[PDB]
Structure formats: C-alpha cells, structure tokens
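To keep things clear, I will list the structure first and then write my remarks on it.
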Amino acid sequence: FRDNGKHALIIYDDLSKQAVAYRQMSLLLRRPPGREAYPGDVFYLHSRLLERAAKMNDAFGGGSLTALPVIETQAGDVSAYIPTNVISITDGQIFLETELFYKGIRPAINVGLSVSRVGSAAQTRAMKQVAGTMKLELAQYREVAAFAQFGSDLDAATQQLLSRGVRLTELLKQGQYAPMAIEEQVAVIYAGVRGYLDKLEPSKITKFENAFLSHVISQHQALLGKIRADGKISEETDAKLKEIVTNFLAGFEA
Amino acid sequence: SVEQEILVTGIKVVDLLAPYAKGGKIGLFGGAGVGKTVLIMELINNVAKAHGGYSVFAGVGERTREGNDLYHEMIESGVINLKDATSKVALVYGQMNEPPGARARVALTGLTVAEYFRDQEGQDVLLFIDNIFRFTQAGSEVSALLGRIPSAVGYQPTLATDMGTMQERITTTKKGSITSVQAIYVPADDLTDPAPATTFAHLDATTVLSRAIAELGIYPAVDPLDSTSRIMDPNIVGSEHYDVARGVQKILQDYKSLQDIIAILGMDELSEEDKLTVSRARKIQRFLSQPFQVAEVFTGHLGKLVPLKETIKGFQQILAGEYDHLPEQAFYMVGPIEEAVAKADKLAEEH
Amino acid sequence: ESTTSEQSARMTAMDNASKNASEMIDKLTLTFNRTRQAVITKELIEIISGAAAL
Amino acid sequence: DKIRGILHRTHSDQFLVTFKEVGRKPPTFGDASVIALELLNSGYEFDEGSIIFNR
Amino acid sequence: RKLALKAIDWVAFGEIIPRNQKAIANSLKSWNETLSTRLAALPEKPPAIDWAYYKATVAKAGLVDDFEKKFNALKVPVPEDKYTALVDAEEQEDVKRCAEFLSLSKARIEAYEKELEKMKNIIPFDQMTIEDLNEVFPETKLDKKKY
Amino acid sequence: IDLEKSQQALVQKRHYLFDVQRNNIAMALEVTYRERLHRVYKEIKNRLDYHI
Ligand SMILES: Nc1ncnc2c1ncn2[C@@H]1O[C@H](COP(=O)(O)OP(=O)(O)O)[C@@H](O)[C@H]1O
Ligand SMILES: [Mg+2]
Numbered sequence: 257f258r259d260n261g262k263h264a265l266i267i268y269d270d271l272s273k274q275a276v277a278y279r280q281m282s283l284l285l286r287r288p289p290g291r292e293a294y295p296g297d298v299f300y301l302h303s304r305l306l307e308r309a310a311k312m313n314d315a316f317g318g319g320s321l322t323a324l325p326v327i328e329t330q331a332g333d334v335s336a337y338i339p340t341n342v343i344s345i346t347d348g349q350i351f352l353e354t355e356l357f358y359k360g361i362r363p364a365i366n367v368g369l370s371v372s373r374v375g376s377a378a379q380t381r382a383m384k385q386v387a388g389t390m391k392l393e394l395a396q397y398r399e400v401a402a403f404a405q406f407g408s409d410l411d412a413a414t415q416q417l418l419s420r421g422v423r424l425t426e427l428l429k430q431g432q433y434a435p436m437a438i439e440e441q442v443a444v445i446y447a448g449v450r451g452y453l454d455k456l457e458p459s460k461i462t463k464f465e466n467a468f469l470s471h472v473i474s475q476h477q478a479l480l481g482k483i484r485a486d487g488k489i490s491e492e493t494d495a496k497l498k499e500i501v502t503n504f505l506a507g508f509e510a
Numbered sequence: 129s130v131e132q133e134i135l136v137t138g139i140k141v142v143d144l145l146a147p148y149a150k151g152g153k154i155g156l157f158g159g160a161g162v163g164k165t166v167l168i169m170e171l172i173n174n175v176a177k178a179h180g181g182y183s184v185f186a187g188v189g190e191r192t193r194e195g196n197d198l199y200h201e202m203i204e205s206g207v208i209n210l211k212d213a214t215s216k217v218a219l220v221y222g223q224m225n226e227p228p229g230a231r232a233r234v235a236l237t238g239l240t241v242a243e244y245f246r247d248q249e250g251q252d253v254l255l256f257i258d259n260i261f262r263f264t265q266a267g268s269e270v271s272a273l274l275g276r277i278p279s280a281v282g283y284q285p286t287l288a289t290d291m292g293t294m295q296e297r298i299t300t301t302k303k304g305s306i307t308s309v310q311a312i313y314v315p316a317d318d319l320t321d322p323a324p325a326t327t328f329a330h331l332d333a334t335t336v337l338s339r340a341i342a343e344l345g346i347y348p349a350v351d352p353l354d355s356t357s358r359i360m361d362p363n364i365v366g367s368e369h370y371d372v373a374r375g376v377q378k379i380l381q382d383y384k385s386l387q388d389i390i391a392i393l394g395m396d397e398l399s400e401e402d403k404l405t406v407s408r409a410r411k412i413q414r415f416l417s418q419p420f421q422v423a424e425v426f427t428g429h430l431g432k433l434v435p436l437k438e439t440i441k442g443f444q445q446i447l448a449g450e451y452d453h454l455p456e457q458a459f460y461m462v463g464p465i466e467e468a469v470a471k472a473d474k475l476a477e478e479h
Numbered sequence: 219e220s221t222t223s224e225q226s227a228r229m230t231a232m233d234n235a236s237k238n239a240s241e242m243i244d245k246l247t248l249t250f251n252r253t254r255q256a257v258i259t260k261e262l263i264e265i266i267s268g269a270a271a272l
Numbered sequence: 110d111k112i113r114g115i116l117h118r119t120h121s122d123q124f125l126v127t128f129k130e131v132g133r134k135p136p137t138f139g140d141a142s143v144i145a146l147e148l149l150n151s152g153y154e155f156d157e158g159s160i161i162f163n164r
Numbered sequence: 003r004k005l006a007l008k009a010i011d012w013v014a015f016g017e018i019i020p021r022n023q024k025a026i027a028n029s030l031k032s033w034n035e036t037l038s039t040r041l042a043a044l045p046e047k048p049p050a051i052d053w054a055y056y057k058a059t060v061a062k063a064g065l066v067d068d069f070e071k072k073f074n075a076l077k078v079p080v081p082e083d084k085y086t087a088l089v090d091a092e093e094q095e096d097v098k099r100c101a102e103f104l105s106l107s108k109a110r111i112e113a114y115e116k117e118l119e120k121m122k123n124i125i126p127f128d129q130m131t132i133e134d135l136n137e138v139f140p141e142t143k144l145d146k147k148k149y
Numbered sequence: 108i109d110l111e112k113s114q115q116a117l118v119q120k121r122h123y124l125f126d127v128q129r130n131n132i133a134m135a136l137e138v139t140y141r142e143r144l145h146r147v148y149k150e151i152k153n154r155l156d157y158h159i
C-alpha cells in the first residue's frame with residue numbers, strides 16, 4: 257500500500273515476544289550469548305523492521321506507512337535490554353501506568369513522560385491553536401500536584417492553577433470503543449481552556465460533556481462542517497462558538 | 129467458542145472485583161504459604177457438588193500427605209463412592225518424590241482424561257491443577273544433560289514453547305466446555321520471574337494473593353488492586369455492578385496515597401474530610417474477609433456463602449455512608465451485611 | 219506571639235527534614251548503581267560458564 | 110493539648126481546666142474571651158499569677 | 003418520506019414560565035434533542051429487497067417463497083393521531099387568554115399616560131394654590147398624622 | 108414603558124412554544140414510521156439469512 261500511492265497502518269502486538277522466540281532459536285543453534293542470553297544481533301533484528309516505515313515523496317507515489325509497536329515492561333523498568341533497544345529506534349513513547357488506571361484516569365496515559373519528536377507539525381490548525389495552551393496549562397498543574405492533599409493557605413493564582421488542572425483532566429477521560437472526531441474534540445477543549453468551567457463542580461464535568469456533545473451534533477451541524485473542511489478556526493467561527501457554550505452553560509442544570 | 133457467561137461462587141472478593149466465567153481459564157497466584165491449596169479446596173466444596181457433569185483433579189509436584197487429605201475428604205462427603213458406580217471425580221497424582229522426568233508428564237495425563245469427557249462425550253467438565261509451577265521447574269532439571277545452553281535466570285531455552293503447547297489444549301471448543309482453576313506458585317514473591325510472568329497470556333481471570341494482606345489477618349488475602357477479569361464489562365455484568373467495582377478500587381488506591389502523609393504528620397492532624405475516606409476504606413478492607421468452610425479447623429467459625437445480589441448491596445451502603453455509626457470490628461469475618469449490625473450490638477453490652 | 223513563634227519553627231524544622239532526606243537520597247543512589255551493574259555482571263558469568271562446560 | 114500531654118504524669122492533680130483545639134485556625138479575640146470567662150467562674154479564687162509564652 | 007421544519011428553540015421556547023416550573027420547560031427542549039438524533043439514526047428510505055437472489059440461494063422452494071410472497075404485499079399502519087389534536091387544542095384556548103394582558107393593561111397604559119398629562123398641570127407656578135397641591139400630598143380625617 | 112413591553116413579551120413567547128409542541132410531537136410519528144418500514148425489512152432478512 258506504500259508502493260502504490262496509498263496509506264497504511266500496522267500494529268505489532270507485541271514485539272517483546274519476538275525477541276524471546278528468536279532467543280530460543282539462537283541458543284539451540286549454538287550461537288554466542290550476551291546480556292540476558294540474547295544474541296549479539298537483537299538490535300539488528302528490530303532496527304530493520306521499524307526502518308521500513310517511511311513517508312514517501314511525490315515522485316515515487318506519495319505513499320506512507322505508520323508503525324505502532326507494543327512493548328511490555330516488567331515492574332515499570334524501561335532500562336532493560338529490549339525496552340532500551342526499541343526506545344532508541346523509534347520517535348516517541350506513550351507510557352500507560354497502572355497507578356492512574358485505578359485512580360480513575362482511563363485511558364491512563366502519563367503525559368509527563370510521553371513525548372513525540374515530530375512535534376506540533378502533525379496537528380491540524382484547529383487542534384494546534386487550543387492545545388498549545390492546554391499543554392502549557394497541564395504542565396503547570398503537574399508542578400503543583402503535591403500541594404492538593406493539604407492546601408487551603410495558598411495564593412489565589414495557585415488555587416486557580418489547581419482549579420483548571422482538575423477540570424482539564426476530566427475532559428481527557430474517555431470510555432472504551434468511543435472514538436471521537438477532531439471537530440468535536442476541538443470544541444470540548446475550547447470549552448475548557450478559555451475559562452468556561454471554573455464555576456462548574458468538578459464531579460459534573462463528565463455529565464456536562466456528554467450533554468454538550470449531543471447538542472452540537474444535531475443543533476450546530478453547520479459549524480462542525482466549517483472546522484472539518486476549513487481545517488483552521490477563524491475569527492468568524494471564534495465568535496460563533498463563543499455564544500454557543502454561553503447559551504448551554506446558562507440553562508444547563510435541570 | 130466465543131460466548132462468555134458468569135459462574136457464581138459465593139466468595140465476596142472474587143465475585144465483586146474479578147468475576148469468574150464458565151469455560152474460562154482461571155489463575156491463582158501468590159507465594160508460598162498464603163492459601164493457594166485452601167482456596168482451590170474451597171471451589172471443590174462449593175462448585176463441584178452443585179455441578180452436573182464430572183470433574184478431574186490433577187496434582188503435580190506437591191506433598192504426598194495432601195493427596196491423602198483429599199482421598200479422605202471425598203469419601204465422607206460422598207463424592208468418591210467405594211461401593212457402587214455413582215462417583216463423579218477422577219484423580220491423577222504425580223507428587224514431589226518422583227524423578228524429574230515424571231513431574232513433567234503428569235499434567236499432560238490430567239488433561240487427557242479431561243479431554244475424553246469434552247470430546248467423546250459432551251458434558252461440562254471442570255479441572256483443578258495444583259501445582260503448575262512444578263511443570264516448568266521439572267523441565268529445567270533434565271535440560272542441561274540434554275545439551276542446552278541456559279537462558280535467563282536458569283530456565284531452559286524452550287520455556288515458553290512447551291508451556292504454550294500444554295495451555296492450548298485447556299480450552300472451550302464447539303464440542304464441550306472446560307472450566308479450569310489452576311494454582312501457580314510465584315518463587316519468593318516476584319511476579320517478574322520468567323515462569324509466572326508468561327502464564328499471564330493464557331489466563332482470563334487472575335487472582336493474585338499476597339503476603340502483605342495475609343499478615344494483617346484479612347483472609348482470603350486477595351489483592352484487589354492486582355486482580356483482573358475479561359468480563360468486568362458494563363455490557364456483561366450490568367451498569368450497577370460495574371460502578372460499584374471501580375468505586376471500591378478508587379477508594380482503596382486513594383487510601384494508599386494517604387498513608388504516606390500519616391507517617392510524618394499523624395492521624396489527628398488530618399482534615400475531617402479525609403478522616404472519613406480512611407474510615408470508609410478500612411471498613412471495605414475488613415468486609416472483604418469471609419470465613420471459609422474448609423477452614424473450620426483453623427478458625428472454629430462457621431462457613432458463609434454470600435450470594436451475588438447481596439455482595440453489591442452490601443458495598444453500596446458502606447460507600448454512601450449508611451454505616452458510619454459502627455466501629456471497624458463489626459465487619460470482620462462476617463457473611464452478608466445483616467450480620468454486621470447483629471455483631472455490632474453484641475460487642476456493646478460487655479462494657 | 220505564640221502562633222508566630224510556632225509557625226516559624228515549623229518552617230525551619232520541615233526544611234532540615236528535606237535536606238537530610240536529600241543527603242540520604244544520593245548515597246543510596248550510588249549503592250543502587252553499583253548493585254545494578256553487579257547483577258548484570260554476575261548473571262552473565264553463569265551463562266558463559268554454563269555453555270563452556272557443555 | 111501538648112502541655113497537658115507532657116504534664117500528665119508529674120502534675121495530673123494540679124490542673125484546673127485544659128483547653129484543646131487550639132492552633133488549627135488562627136486565634137481571635139473571642140477565644141481570648143472564652144478562656145478568660147471560664148478562669149473566673151470555676152470556683153477557684155486566686156490572688157496572684159503569671160503567664161509563660163514564646164515571644 | 004415527509005419531514006417538516008420548525009421554529010427557533012432559542013429564547014422563548016425554554017422560558018415558558020410556569021409557577022416556578024422551569025423543569026417542565028426544560029423537559030420540553032429535552033424531547034426535541036432526543037427525537038432529532040433518533041431521526042438522524044435511521045434514514046428516510048430503508049434497504050432494498052433483492053428478490054432474484056432469494057430464489058437461488060434458498061433454493062429449497064415453497065416454504066422460502068411463501069413467506070416472501072406474504073411479507074412483500076404487507077402494509078405497516080402507523081400509530082393514531084388522537085393525542086395530536088387535544089394537545090394542539092389547549093394552545094388555542096391559552097393563546098386567547100394570553101392577550102388578556104394586551105386587552106386589560108392597554109387601558110392601564112393610557113390611564114397612566116393620561117396621568118402624566120395632569121401631573122404636568124398641577125405643579126404650575128411656584129406660588130400656585132393651596133388646594134391644587136392638596137391632591138398629591140395628602141389630607142385625612144381627624145387624628146391621622148401622629149407626629 | 109416596562110409594562111407596555113410586558114404585554115408584547117408574552118405574545119412572542121406563546122406563539123413560539125405553541126408550535127414547538129406541534130413539532131415535538133411531529134418528530135414522534137416520523138421516527139415510529141421510519142422504524143416501521145425498517146423493522147419489516149429486518150424480520151424478512153432473518154429468513155434470507157437462515158436458510159442459507
Ligand atoms: N481460609 C484461609 N484464610 C487465610 N489463611 C489460610 C486459610 N486456610 C489456610 N490458611 C493458611 O495458609 C497456610 C498455607 O495453607 P495451604 O493453602 O495449604 O498452603 P499453600 O498455599 O502454600 O499450598 C496455612 O499456614 C494456613 O494458616
Ligand atoms: Mg500447596
């Protein structure tokens with residue numbers, strides 16, 4: 257599909273069971289072992305599989321291939337042999353913890369340790385504008401997360417930084433098998449990063465969101481066709497979205 | 129086969145947070161001396177006499193004494209009958225006095241008798257296996273004389289292939305169904321050892337036992353924040369059971385992060401709002417412990433069996449706050465929530 | 219006066235309890251790093267000696 | 110509290126009253142009136158005294 | 003099929019103002035959002051029934067085609083519209099009652115407007131009268147003004 | 108002034124919400140007729156799926 261101008265996606269589930277099925281073949285063929293009885297060429301096994309993912313240019317067709325490998329650590333130690341081979345080959349990691357899974361954060365993505373080194377050059381113009389401040393807003397919250405357990409004698413800026421960090425977190429939680437659209441995603445983030453939620457109670461942020469999304473699908477369908485097709489969010493759509501979340505927030509609690 | 133169900137047992141920790149399933153592979157983890165043989169003796173007590181079809185017990189590499197306390201606790205309960213043709217249990221035994229070439233072909237002999245009932249007949253079969261770590265270990269002893277370089281910490285190079293060659297016959301096909309409970313020894317309390325940490329791919333419901341709970345007196349010591357299931361699903365267990373299970377794990381995990389403050393500050397210097405989420409969590413820890421039936425000679429207490437509809441309704445009321453007027457001791461080793469207040473008054477009068 | 223005398227000594231006595239807990243946290247980081255290397259070294263010898271005698 | 114807890118052994122019979130829940134919230138003038146009122150209407154008619162504190 | 007439009011459910015239609023009955027008006031907008039998504043779940047036209055492939059793939063004939071002959075010429079009668087008229091009937095009586103403010107208070111507007119005409123007349127000259135100033139500021143019977 | 112507009116406020120309020128009650132019940136018959144045409148195809152698709 258990459259050779260013929262099309263696009264593709266591949267998922268290896270999982271690559272940490274290929275290095276084990278290859279170690280057994282080595283030690284039965286009497287090859288010299290190494291660290292944790294892996295052979296000397298387990299780096300050459302995973303490198304020439306992930307380097308086949310490429311973004312071709314227009315003279316060859318314009319195809320692509322995207323690769324998502326899954327790697328299982330043991331007790332959260334990424335400094336093992338195979339969790340350090342595949343980390344240094346690829347671009348960025350998504351680090352799912354087990355502590356956040358039981359504290360209510362589902363999907364339990366830790367955004368403190370997750371990176372991507374293509375950066376913001378793969379986001380659309382609508383998503384890039386709102387999430388650039390959200391990434392800065394959440395990163396200021398994780399500095400002051402250790403003051404939440406006993407904090408009431410702090411500055412009003414610090415009480416504000418805690419107040420936005422909890423409510424931005426509730427927007428990030430998501431049920432299973434419910435994938436959204438980018439035009440619906442940018443609207444929910446726009447409702448939170450502007451300041452339209454600092455008076456709503458932190459337990460109601462989930463109920464407010466499922467109510468607000470079913471509204472704008474049926475009653476504002478002509479605005480979510482001018483962010484899908486436009487790609488960016490203009491000044492005309494900035495005012496048009498502004499009275500929408502003010503109309504819904506006014507009469508909401510019923 | 130692809131269909132999923134729920135098989136009710138009667139244990140409060142198991143049915144609430146990690147439900148078992150008909151025709152599904154179940155695992156019992158934990159170290160040495162925490163209760164893997166007793167908890168697998170409990171499911172022959174509850175499940176095997178109310179079951180229609182037959183049952184097979186394969187004992188692989190355990191003490192030869194404990195194969196006699198099964199032959200003498202199954203004659204006096206009438207499951208094995210020595211006088212006619214109405215018995216319901218077969219037994220296959222290769223214990224820890226055998227040569228190590230014979231502790232690695234007994235588990236293949238257990239699931240050969242249990243394959244006859246599923247295939248040549250059509251009945252619903254159970255299968256209990258204890259222990260199954262002694263299938264891996266008994267192949268790591270004959271290995272170096274067969275001419276093989278060792279892998280990581282000392283196991284054979286063909287570790288995850290002959291394990292996966294036995295564990296693909298214990299399945300539910302379109303000709304029958306095999307429920308299977310297995311006890312899995314974890315060596316010196318380390319679930320990152322290569323023998324227990326590759327059985328996880330073959331199990332639907334894992335029940336991780338723990339020595340840090342058992343040394344509190346909470347019995348059965350099942351870790352709630354480490355046990356999973358594939359049917360903890362609000363489309364299968366309903367939306368009322370689902371928001372109760374996650375409501376218990378959220379208040380237990382938030383209780384863990386509060387213990388780091390009490391070590392420096394103290395209990396009394398906390399606020400009144402989180403002096404309540406501790407006291408709600410401590411009543412949830414103690415309410416999970418249930419007096420077993422086959423552990424009467426340890427305890428002297430009686431055997432309780434709480435149904436499924438009562439386990440949810442017991443835990444809604446501790447979370448909502450309908451029992452904030454009782455001390456913690458009123459829930460220790462009780463059955464349903466009705467006996468939690470009858471035990472509360474009987475402690476009061478002796479002041 | 220007494221609630222100012224007390225609230226300033228809570229500031230100092232919680233400051234030396236984070237210097238002494240960060241002075242202790244570097245000395246256990248070196249011992250963790252000597253012991254992390256010594257286990258990769260030790261279980262590498264057991265594989266080599268197991269293959270050489272075979 | 111921590112005055113009474115230290116002196117609970119040697120001088121448990123020379124206490125008059127003890128006032129707890131002090132220092133969580135900031136002190137005010139009403140709490141200086143609650144203490145000084147109960148120092149009078151106790152039944153102990155005294156004639157000198159002294160106060161010790163940390164200036 | 004058939005589908006008619008509606009008006010704006012923006013300001014008036016959620017502010018019906020009952021006796022503190024904002025909950026009943028909130029439920030009125032909640033039915034319009036639910037039915038519009040249920041109308042967005044299914045289209046106006048259903049799928050088509052291929053008849054020719056039914057004869058060959060289900061070629062055990064007779065029992066297959068007799069159900070396909072009876073279910074083809076069937077009819078689907080929709081539900082009745084008996085409650086559709088009586089709910090629209092009470093709108094005709096209340097709309098005749100809602101103009102009572104436009105009927106009764108219209109004279110109350112002009113009487114207040116005529117009161118602004120005579121109020122200009124009374125003030126007059128500074129030194130005007132001792133009885134024309136005795137309309138706004140009051141007088142009474144014996145022993146009213148205590149102070 | 109404030110009681111003149113109080114006349115006109117209730118005559119634009121009432122005619123909006125008395126046609127919302129026309130169209131909130133109008134959608135209730137389309138979605139129960141569209142699901143009547145759809146369901147009669149569903150229970151004849153079961154027989155088109157069974158005998159194969
Ligand atoms: N119902 C129970 N609850 C808690 N502990 C138990 C129970 N039954 C037995 N034990 C404890 O478990 C220990 C080991 O029992 P057993 O299950 O036979 O061994 P293992 O799990 O190591 O095979 C015993 O010392 C006993 O005190
Ligand atoms: Mg045992």
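Line by line, the protein sequences are chains A, B, C, D, E and F.
If you count the first sequence from 1, you need to add 256 to reach the entry's author numbering.
If you count the second sequence from 1, you need to add 128 to reach the entry's author numbering.
If you count the third sequence from 1, you need to add 218 to reach the entry's author numbering.
If you count the fourth sequence from 1, you need to add 109 to reach the entry's author numbering.
If you count the fifth sequence from 1, you need to add 2 to reach the entry's author numbering.
If you count the sixth sequence from 1, you need to add 107 to reach the entry's author numbering.
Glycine included, each C-beta is placed from N, C-alpha and C at the ideal position.
Residue-chain proximity (residue i, chain D), Cβ-Cβ < 8 Å
{"i": "residue 223(C)", "result": "yes"}
C-beta neighbour in chain A for residue i, strict 8 Å
{"i": "residue 22(E)", "result": "no"}
{"i": "residue 35(E)", "result": "yes"}
Length of the line joining the Cα atoms of residue i and residue j
{"i": "residue 182(B)", "j": "residue 351(B)", "result": "31 Å"}
{"i": "residue 92(E)", "j": "residue 510(A)", "result": "26 Å"}
{"i": "residue 255(B)", "j": "residue 238(C)", "result": "57 Å"}
{"i": "residue 281(B)", "j": "residue 326(B)", "result": "14 Å"}
{"i": "residue 424(A)", "j": "residue 398(A)", "result": "12 Å"}
{"i": "residue 116(F)", "j": "residue 113(E)", "result": "21 Å"}
Short CB-CB distance (under 8 Å) between residue i and chain B
{"i": "residue 261(C)", "result": "yes"}
{"i": "residue 417(A)", "result": "no"}
{"i": "residue 246(C)", "result": "no"}
Chain D contact residues for residue i, given Cβ-Cβ distances below 9 Å
{"i": "residue 226(C)", "result": "Result: empty, since nearest Cβ-Cβ is about 10 Å, beyond 9 Å."}
Proximity test, Cβ basis, 8 Å: residue i and chain F
{"i": "residue 51(E)", "result": "yes"}
{"i": "residue 95(E)", "result": "no"}
Residues that residue i contacts on chain A, provided the C-beta gap is smaller than 7 Å
{"i": "residue 42(E)", "result": "474"}
{"i": "residue 243(C)", "result": "Under the 7 Å cutoff, chain A gives no residues; its nearest Cβ is about 16 Å from residue 243(C)."}
Beta carbon proximity, residue i to chain E, threshold 8 Å
{"i": "residue 83(F)", "result": "The displayed coordinates of chain F run from 108 to 159. Any statement about residue 83(F) would go beyond what the structure contains."}
Cutoff 8 Å: residue i Cβ touching any chain C Cβ
{"i": "residue 275(B)", "result": "yes"}
{"i": "residue 270(B)", "result": "no"}
{"i": "residue 150(D)", "result": "no"}
{"i": "residue 158(D)", "result": "no"}
{"i": "residue 278(B)", "result": "yes"}
Beta-carbon proximity of residue i to residue j, cut-off 8 Å
{"i": "residue 284(B)", "j": "residue 271(B)", "result": "yes"}
{"i": "residue 309(B)", "j": "residue 171(B)", "result": "yes"}
{"i": "residue 268(A)", "j": "residue 326(A)", "result": "yes"}
Integer-rounded CB distance, given that residue j should sit under 8 Å from residue i
{"i": "residue 104(E)", "j": "residue 114(F)", "result": "5 Å"}
Proximal chain F residues relative to residue i, where beta-carbon distance stays under 9 Å
{"i": "residue 134(E)", "result": "Simply none; closest approach about 28 Å."}
Where residue i meets chain A, residues with beta-carbon distance less than 8 Å
{"i": "residue 353(B)", "result": "358"}
Interface residues of chain E facing residue i [CB-CB closer than 9 Å]
{"i": "residue 470(A)", "result": "35, 36, 39"}
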